[PDB]
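Below is one structure, written out as structure tokens; comments come after it.
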Amino acid sequence: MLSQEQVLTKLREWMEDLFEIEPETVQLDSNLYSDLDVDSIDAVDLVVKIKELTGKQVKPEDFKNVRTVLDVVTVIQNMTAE
């Protein structure tokens, strides 16, 4: 079992390492599209490191339903813990 809190730390570090997105602003109350205006490069970089990190493929339907950073860590731990 993995924690969404520790998951957020890895998520924040990888997005800062790749596109230099500050992890301090990226909180669990930060809107991804509305506040950060996530594009296809931020999403694509994270999809590859998300697929590699858990070892499972992700579907695009879930990404459409994603609205906030907390939702992403919830979905990762939701489909990871089992």
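Residue numbers start at 1 in each chain; chains themselves are named A, B, ... in the order of the structure tokens; ligands are numbered from 1 in the order shown.
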Quick one: residues within 12 Å of residue 44 (chain A), only C-alpha atoms counted, chain neighbours fewer than 2 positions away excluded, as a ChimeraX atom specification? /A:15,18-19,38-42,46-51,58,60,63
Taking N, CA and C atoms for each residue, export the selection above as a compact mmCIF listing (two decimals), in the first residue's frame.
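Result file is out.txt:
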# COMPACT_ATOMS: atom_id res chain seq x y z
N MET A 15 7.36 16.74 -11.44
CA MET A 15 6.84 17.79 -12.29
C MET A 15 7.76 18.99 -12.21
N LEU A 18 10.89 17.99 -14.38
CA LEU A 18 10.67 17.97 -15.81
C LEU A 18 10.36 19.34 -16.36
N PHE A 19 9.23 19.97 -15.92
CA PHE A 19 8.85 21.24 -16.49
C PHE A 19 9.16 22.36 -15.54
N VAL A 38 -3.02 22.87 -17.27
CA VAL A 38 -2.20 21.74 -17.68
C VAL A 38 -2.39 21.53 -19.17
N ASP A 39 -1.28 21.23 -19.89
CA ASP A 39 -1.36 21.05 -21.31
C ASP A 39 -1.09 19.59 -21.60
N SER A 40 -0.75 19.29 -22.88
CA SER A 40 -0.52 17.92 -23.26
C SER A 40 0.91 17.53 -22.98
N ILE A 41 1.81 18.49 -22.69
CA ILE A 41 3.19 18.12 -22.42
C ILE A 41 3.30 17.74 -20.97
N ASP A 42 2.64 18.49 -20.06
CA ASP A 42 2.71 18.15 -18.65
C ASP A 42 2.01 16.84 -18.44
N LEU A 46 3.82 13.15 -17.36
CA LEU A 46 3.37 12.48 -16.16
C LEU A 46 2.79 11.13 -16.48
N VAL A 47 2.15 10.95 -17.66
CA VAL A 47 1.56 9.66 -18.01
C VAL A 47 2.64 8.62 -18.13
N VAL A 48 3.78 8.96 -18.76
CA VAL A 48 4.83 7.98 -18.93
C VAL A 48 5.44 7.63 -17.59
N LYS A 49 5.61 8.62 -16.67
CA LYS A 49 6.23 8.31 -15.39
C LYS A 49 5.20 7.73 -14.44
N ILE A 50 3.90 7.81 -14.80
CA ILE A 50 2.85 7.26 -13.96
C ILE A 50 2.71 5.81 -14.34
N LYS A 51 2.76 5.52 -15.67
CA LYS A 51 2.66 4.16 -16.16
C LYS A 51 3.85 3.37 -15.70
N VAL A 58 -2.84 3.63 -18.26
CA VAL A 58 -3.93 4.46 -17.80
C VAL A 58 -4.83 4.74 -18.98
N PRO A 60 -7.59 7.31 -20.90
CA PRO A 60 -7.84 8.75 -21.08
C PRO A 60 -9.13 9.25 -20.49
N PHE A 63 -8.46 10.75 -17.11
CA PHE A 63 -7.81 12.04 -17.17
C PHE A 63 -8.82 13.13 -17.42
Please identify the helix (DSSP H, G or I) residues within chain A (assignment by DSSP from backbone atoms) and present them as a PyMOL selection string. chain A and resi 4-19+40-54+60-65+69-80
Selected residues written out, C-alpha atoms, as a PDB file, in the first residue's frame:
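Once everything was written out, this is result08.pdb:
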ATOM      1  CA  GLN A   4      -1.240   9.632  -1.388  1.00  0.00           C
ATOM      2  CA  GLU A   5       0.804  11.980   0.790  1.00  0.00           C
ATOM      3  CA  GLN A   6       4.090  10.334  -0.178  1.00  0.00           C
ATOM      4  CA  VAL A   7       2.660   9.999  -3.672  1.00  0.00           C
ATOM      5  CA  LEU A   8       2.141  13.776  -3.768  1.00  0.00           C
ATOM      6  CA  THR A   9       5.807  14.316  -2.835  1.00  0.00           C
ATOM      7  CA  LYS A  10       7.004  12.150  -5.756  1.00  0.00           C
ATOM      8  CA  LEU A  11       4.447  13.816  -8.051  1.00  0.00           C
ATOM      9  CA  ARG A  12       5.631  17.277  -7.039  1.00  0.00           C
ATOM     10  CA  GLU A  13       9.301  16.401  -7.472  1.00  0.00           C
ATOM     11  CA  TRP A  14       8.888  14.902 -10.950  1.00  0.00           C
ATOM     12  CA  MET A  15       6.840  17.790 -12.286  1.00  0.00           C
ATOM     13  CA  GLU A  16       9.451  20.251 -10.985  1.00  0.00           C
ATOM     14  CA  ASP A  17      12.288  18.184 -12.372  1.00  0.00           C
ATOM     15  CA  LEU A  18      10.674  17.974 -15.808  1.00  0.00           C
ATOM     16  CA  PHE A  19       8.854  21.237 -16.494  1.00  0.00           C
ATOM     17  CA  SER A  40      -0.521  17.918 -23.263  1.00  0.00           C
ATOM     18  CA  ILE A  41       3.187  18.123 -22.418  1.00  0.00           C
ATOM     19  CA  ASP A  42       2.706  18.154 -18.655  1.00  0.00           C
ATOM     20  CA  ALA A  43       0.115  15.393 -18.953  1.00  0.00           C
ATOM     21  CA  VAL A  44       2.218  13.317 -21.368  1.00  0.00           C
ATOM     22  CA  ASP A  45       5.346  13.546 -19.221  1.00  0.00           C
ATOM     23  CA  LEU A  46       3.370  12.483 -16.157  1.00  0.00           C
ATOM     24  CA  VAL A  47       1.562   9.665 -18.009  1.00  0.00           C
ATOM     25  CA  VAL A  48       4.828   7.984 -18.929  1.00  0.00           C
ATOM     26  CA  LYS A  49       6.228   8.310 -15.394  1.00  0.00           C
ATOM     27  CA  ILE A  50       2.852   7.261 -13.959  1.00  0.00           C
ATOM     28  CA  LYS A  51       2.655   4.158 -16.161  1.00  0.00           C
ATOM     29  CA  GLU A  52       6.246   3.312 -15.293  1.00  0.00           C
ATOM     30  CA  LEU A  53       5.788   4.047 -11.583  1.00  0.00           C
ATOM     31  CA  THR A  54       2.795   1.719 -11.049  1.00  0.00           C
ATOM     32  CA  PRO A  60      -7.836   8.745 -21.075  1.00  0.00           C
ATOM     33  CA  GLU A  61     -11.360   8.737 -19.652  1.00  0.00           C
ATOM     34  CA  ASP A  62      -9.960   9.070 -16.136  1.00  0.00           C
ATOM     35  CA  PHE A  63      -7.810  12.040 -17.167  1.00  0.00           C
ATOM     36  CA  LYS A  64     -10.873  13.868 -18.484  1.00  0.00           C
ATOM     37  CA  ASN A  65     -12.566  13.388 -15.096  1.00  0.00           C
ATOM     38  CA  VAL A  69      -4.189  17.418  -7.851  1.00  0.00           C
ATOM     39  CA  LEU A  70      -5.833  15.591  -4.896  1.00  0.00           C
ATOM     40  CA  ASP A  71      -7.999  13.681  -7.389  1.00  0.00           C
ATOM     41  CA  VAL A  72      -4.821  12.455  -9.147  1.00  0.00           C
ATOM     42  CA  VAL A  73      -3.237  11.124  -5.924  1.00  0.00           C
ATOM     43  CA  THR A  74      -6.611   9.604  -4.964  1.00  0.00           C
ATOM     44  CA  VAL A  75      -6.932   7.818  -8.312  1.00  0.00           C
ATOM     45  CA  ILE A  76      -3.325   6.603  -8.158  1.00  0.00           C
ATOM     46  CA  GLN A  77      -3.811   5.111  -4.661  1.00  0.00           C
ATOM     47  CA  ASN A  78      -7.302   3.935  -5.596  1.00  0.00           C
ATOM     48  CA  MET A  79      -6.112   1.802  -8.495  1.00  0.00           C
ATOM     49  CA  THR A  80      -2.811   1.006  -6.792  1.00  0.00           C
TER      50      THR A  80
END
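Of the listed residues A:20, A:55, A:31, A:2, the one whose atoms come nearest to residue 68 (chain A) is A:31, with distances taken using only C-alpha atoms.
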Just the number, please: distance in Å from CA of residue 37 (chain A) to CA of residue 66 (chain A), one decimal. 12.6 Å
